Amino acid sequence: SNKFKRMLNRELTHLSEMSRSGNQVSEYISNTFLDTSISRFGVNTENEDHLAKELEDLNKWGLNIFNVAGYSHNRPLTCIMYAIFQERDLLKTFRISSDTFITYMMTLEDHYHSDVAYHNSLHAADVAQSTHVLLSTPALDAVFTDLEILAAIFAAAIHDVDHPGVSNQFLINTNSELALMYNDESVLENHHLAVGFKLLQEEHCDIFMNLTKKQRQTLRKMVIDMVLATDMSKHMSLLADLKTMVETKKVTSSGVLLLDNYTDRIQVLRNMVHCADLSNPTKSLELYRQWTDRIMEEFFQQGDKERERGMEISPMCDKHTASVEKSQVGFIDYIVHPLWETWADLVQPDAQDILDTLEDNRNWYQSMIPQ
């Protein structure tokens, strides 16, 4: 659609001229978004009661994933994934032993880096838990098969495995081996998928051993589609497709969405995990503020690596010139809010408290803008 494209670049030109704040946010958007305990929980802990209290939020959008990390000896991913699989009865359905499951989930957690401020197992655990809540949205809850539920949640788990804490564009600009291996197109996301699936081959880790061949093939395609869709530069095209889907949606009976073909189904799932990935500003302000401070830490360190190298500092990576408050407002106004508004429309009446929390958070960061 040339109209949407013409409209997009208009919206960003105007922002780019509002102020130097808007220029830095507008440069960022274009370069980013455009093309008993070990079996009770998955984990050893002598805090079984504090952990059991936190995990009562398993199905709530307000689950505090930071506290889970605290009471799980810093295994928020293994712990949450075990909880989701118990909750949805996925181990039994797919004949996965708890043993194989925990060994895989520990190996996966281990390949997330804890020295990366944001793209580490905590973020993986949050995105997986948020996907778990989203899959229970009433308009979809009856729609997806368990194979699709498994694919989505696994997708979420692995979606950033082995992330180094720098962007696809830095990896291309520094001529990384990874950029070289994947020919500059979706560098990290291809890698996340490779690692996640490669790890099944490790000893006692094939959590899909007991699926049929046709099941494995369907899972793998679904998962590849979802993770490649977390590539941020695909954001505008994903939102375009979601909007056209809203305007031509079919409700069946009792509020449920009609998704006949594979295309319709994967489009929704991949927007779902994409939404999970951008759910930080829709969570409670305590949660959201921690996430912001982490991503900025990570952007700033990329900025220093650029500076060490004599490269030009990327937008939002200069610690000496960021405006974190104005940037958050822009990010909500121009990316998070449009995406979540469209999602709310697809799945109405759901997502509305999510949308209201999003405005509170946005208004809090506005209230904190000096001058």
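Numbers for residues come from their place in the sequence shown, where the first is 1. Between two forms, the rigid core is defined as the largest C-alpha subset superposing within 1.5 Å.
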Stretch with larger C-alpha RMS deviation in 8 other deposited structures of this protein, core superposed, 313-321 versus 300-308:
313-321
Comparing 155-163 with 141-149, larger root-mean-square C-alpha distance from this form in 8 other deposited structures of this protein, core superposed, belongs to 141-149
Tell me whether residue 366 turns out to be unmodelled in at least a third of the other entries of this protein, restricted to those that model residues on both sides.
no
Gap between residue 35 and residue 36, counted in deposited residues with no coordinates, falls in the class 10 or more
Mean CA temperature factor from the deposited coordinates, higher in 205-213 or in 73-81?
205-213
Mean temperature factor over C-alpha atoms, higher-scoring stretch between 268-276 and 244-252:
244-252
Of the options 161, 229, 194, 257, which has the highest CA B factor as deposited?
257
Top residue by Cα temperature factor, when 307, 319, 337, 60 are compared in the entry
307
Ranking the modelled residues of this chain by C-alpha B-factor as given in the entry, is residue 45 in the lowest, middle or highest third?
highest
Entry-reported Cα temperature factor of residue 189, expressed as the chain third it lands in
lowest
Considering only modelled residues of the same chain, in which third does the CA B-factor of residue 142 rank: lowest, middle or highest?
highest
Taking only the Cα B-factors deposited for this chain, tell me whether residue 325 sits in the lowest, middle or highest third.
middle
Could you tell me which third, lowest, middle or highest, the C-alpha B-factor of residue 344 occupies within its chain?
middle
